[PDB]
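In the block that follows, a single chain appears as structure tokens, in the form deposited in one PDB entry.
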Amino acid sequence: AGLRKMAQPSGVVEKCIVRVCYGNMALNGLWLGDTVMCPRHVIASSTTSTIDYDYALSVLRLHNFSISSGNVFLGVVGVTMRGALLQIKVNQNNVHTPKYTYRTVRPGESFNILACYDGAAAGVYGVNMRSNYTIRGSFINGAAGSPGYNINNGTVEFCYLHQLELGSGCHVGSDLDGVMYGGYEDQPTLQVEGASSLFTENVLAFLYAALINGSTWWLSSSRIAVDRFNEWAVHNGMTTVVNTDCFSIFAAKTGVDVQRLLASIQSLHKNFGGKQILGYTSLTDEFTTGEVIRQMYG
């Protein structure tokens, strides 16, 4: 009984973190096979004016790179641009390379952040991609290159390398092909995050997780129609609901239908914060259905 925003174990990912230095810039890289990936602004000079990354690569000296795993430095064979990342060929294989894939995540999906500094893992936590493609993270200067990941069937699924902070805990990374999430630029210029809406699908996963754990003080007796709730959601900063069949697994375990939970959501929005649900803010949208099931039953 209970529910916690958990992080999948980090050990397989820890062995792939390297320190990447260039000039007076140092950040984190991901070492898989004989390639290190890392944000391309490690080669940037100015940190307030637009950066011509292509010119920076044109004048790059490979010996100016200093790449280390623990106390062991690697020889740099080549560099190539990969969107907002650099792909750095190194002269040695990482013998601890896990089995892995790349996958881009979409808004509302959960993954794990391994926050790294100076090529070393310092903490691990779970995040959920917000509707404006930022994550509610905890990063200070030096965290760039921190990997996001999910573990599925012995396979590490890399989805995120940290790039920048827009404001507050609004953090922005790229996927592993170098595409920035949300389209934000890796330029030190003035950009604003879009608005963000609560993922109603995620709130429902959380509410079902509450029911399975015996928390029922919030559960309406009356139901509300999907369309009625949708009309309300768009004026109350929550996303609309398309299909209720994705919650079939929870219907089959609680007897409770989504329409009762949508009525509870509106009443919880009416007295927002009057009581916690499982020690969490009611209407927390950081839990997905998969997370809930994986945590609750397995």
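Residue positions are given as counts along the sequence shown, with the first one as 1. The term rigid core refers to the maximal set of C-alpha atoms that superpose within 1.5 Å between the two forms.
Keep in mind that the form solved in complex with a partner chain is missing from the display, and what follows is about it.
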| item | value |
| --- | --- |
| Position in contact with the partner chain when the complex is considered in the deposited complex, options 72, 195, 140, 225, heavy atoms within 4.5 Å | 140 |
| Of 80, 91, 189, 221, the one that lies within 4.5 Å of the partner chain in the deposited complex (heavy atoms) | 189 |
| Region of this chain that lies against the partner chain in the deposited complex, out of 200 to 208, 101 to 109, 72 to 80, 140 to 148 [heavy atom, 4.5 Å] | 140 to 148 |
| 4.5 Å heavy atom contact, residue 167 to the partner chain in the deposited complex | yes |
| Exercise: residue 163 in contact with the partner chain in the deposited complex, heavy atom 4.5 Å | yes |
| Residue contact check: residue 41 to the partner chain in the deposited complex, 4.5 Å heavy atom | yes |
| Distance check, residue 157 to the partner chain in the deposited complex, heavy atom within 4.5 Å | no |
| Answer among 91, 101, 168, 141 for the CA shift between this form and the one not shown that reaches 2 Å or more, rigid core superposed | 168 |
